[PDB]
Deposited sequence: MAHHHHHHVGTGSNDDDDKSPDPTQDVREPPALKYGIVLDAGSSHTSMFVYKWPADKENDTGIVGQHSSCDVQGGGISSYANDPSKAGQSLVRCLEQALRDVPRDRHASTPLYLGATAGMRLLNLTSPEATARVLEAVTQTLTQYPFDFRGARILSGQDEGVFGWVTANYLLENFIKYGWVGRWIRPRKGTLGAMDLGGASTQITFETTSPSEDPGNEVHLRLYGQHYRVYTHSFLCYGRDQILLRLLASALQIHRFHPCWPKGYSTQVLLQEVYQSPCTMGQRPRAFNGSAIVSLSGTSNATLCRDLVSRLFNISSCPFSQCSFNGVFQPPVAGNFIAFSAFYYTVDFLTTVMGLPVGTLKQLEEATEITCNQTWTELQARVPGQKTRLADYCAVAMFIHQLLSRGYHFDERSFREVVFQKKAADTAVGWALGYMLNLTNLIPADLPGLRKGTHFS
């Protein structure tokens, strides 16, 4: 059939990626119909890394945009919407300097507006937006919003949805369908998709993203130990304190200090447990830091750094992660490697290598102590980054919303036969 296109730039804290989506022009309202056509990863940091040089943020996008000009056929350029949405890197810069933030949005805007696409704006997503649009992505791709059954015999309970857990660079999101009463309006989400109501919980923990957790652990390690128990014995580095303390995430804790690893799983576990304040709950029950959260229920997909970390544990370390107990053993085993041990298991590039013990430990604690998974509910979590050929993230659901492609109700209401 005739095909339509749309483009999303996911301007995250640590990277920008460009996704081109495509769909049939006359069957564009079907769930699962939109899928990924192509993508491009911008080189270097995310747009917020250019706060002191905002025109470089715009120019960073140029190669991917040239690829978009080749990927979308010329005759459709002018009618292809293009959107940029930015996450916790831009949220954190907006705490630091609303002016620098606005100059970075202005530079990316000026670059984008001179391409021939229907450029529809650069915006900073709220934490709720980022969590919910990821849940829409996952569930749309896997066709969970289809009403299964036939007239006189609908499946009951209605088809379950898949919960979403996103471990980004600067924040982490959890979002799931719940039957529990809502006790905090900032967590409450009601969706009308294809004639049905989904009652959803969402929360974004700013500063609980992977790179921000590593910075807090580094600060905390320097304060309490003057060595890093999560780092492998024999690894060390020259740490620039200004970088540690400038983040809004750490500055609540002279120029260069040497820091070495000790391969101490038990002390690493204790350093990480300080990240989670479970000391009080103004609600009937909480995740952590006083945040309302109903009991986790149903299947979940854990993507982005959940996936990258688990893939290292399984593929590189050779260790199972099928139960929380296995995940915990995998983490101890990893944390107890010397730097020479660890490097010997990775023959290719070592960037990130010293950090897997800390991130795995954070992940095990986040799921068990923070979100209150147990062995029974954890069984229903899968680690994946792709569904039906499309990368899992908030970009697709953002696109679907802004291009108005998921209807609140089916046309003519399917003659009321779903009532």
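Original post:
Got a list of the deposited-sequence ranges with no coordinates?
Top reply: Those parts of the chain that were deposited but carry no coordinates are 1-30, 284-290, 457.
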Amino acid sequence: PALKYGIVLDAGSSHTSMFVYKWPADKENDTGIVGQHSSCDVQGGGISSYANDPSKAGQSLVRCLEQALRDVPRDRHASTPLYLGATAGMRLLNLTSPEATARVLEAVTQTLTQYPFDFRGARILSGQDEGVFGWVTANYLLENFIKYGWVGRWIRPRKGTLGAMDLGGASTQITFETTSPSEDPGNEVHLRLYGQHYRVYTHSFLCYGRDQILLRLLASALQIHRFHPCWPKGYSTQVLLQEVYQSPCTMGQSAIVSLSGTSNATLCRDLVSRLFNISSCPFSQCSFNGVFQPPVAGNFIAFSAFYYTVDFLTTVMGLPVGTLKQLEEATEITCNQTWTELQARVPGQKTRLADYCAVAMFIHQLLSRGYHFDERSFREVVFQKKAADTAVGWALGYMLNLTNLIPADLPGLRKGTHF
From here on, numbers count along this sequence of modelled residues.
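Subject >> Average Cα temperature factor in the PDB entry - higher stretch of 82-90, 337-345 >> reply: Looking at the record's C-alpha B-factors, the answer is 337-345.
**OP:** Averaging only over Cα atoms, indicate whether 61-69 or 42-50 has the higher B-factor in the PDB entry.
**Re:** Comparing 61-69 with 42-50, the higher average CA B-factor belongs to 61-69.
Original post:
Which of these, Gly149, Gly160, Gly234, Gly209, has its C-alpha atom at the highest B-factor, as the entry lists it?
Top reply: Within the set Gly149, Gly160, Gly234, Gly209, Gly234 shows the top C-alpha B-factor.
Subject >> Per the PDB entry, maximal CA B factor within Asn187, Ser171, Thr111, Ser273 >> reply: That would be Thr111.
Original post:
Within this chain, which third does the Cα B-factor at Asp118 fall in: lowest, middle or highest?
Top reply: Its C-alpha B-factor belongs to the highest third of this chain's values.
Subject >> Entry-reported Cα temperature factor of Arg226, expressed as the chain third it lands in >> reply: Highest third, going by the recorded CA B-factors of the chain.
**OP:** Relative to the other modelled residues of the same chain, rank the CA B-factor of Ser126 and answer lowest, middle or highest third.
**Re:** For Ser126, whose C-alpha B-factor we compare with every modelled residue in the chain, the answer is the lowest third.
**OP:** Using the B-factor values recorded in the entry, state whether the Cα atom of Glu332 falls in the lowest, middle or highest third among the modelled residues of its chain.
**Re:** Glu332: CA B-factor falls in the highest third of its chain.
**OP:** Would you check the entry's CA temperature factor for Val200 and let me know if it's in the chain's lowest, middle or highest third?
**Re:** Bottom third by C-alpha B-factor.
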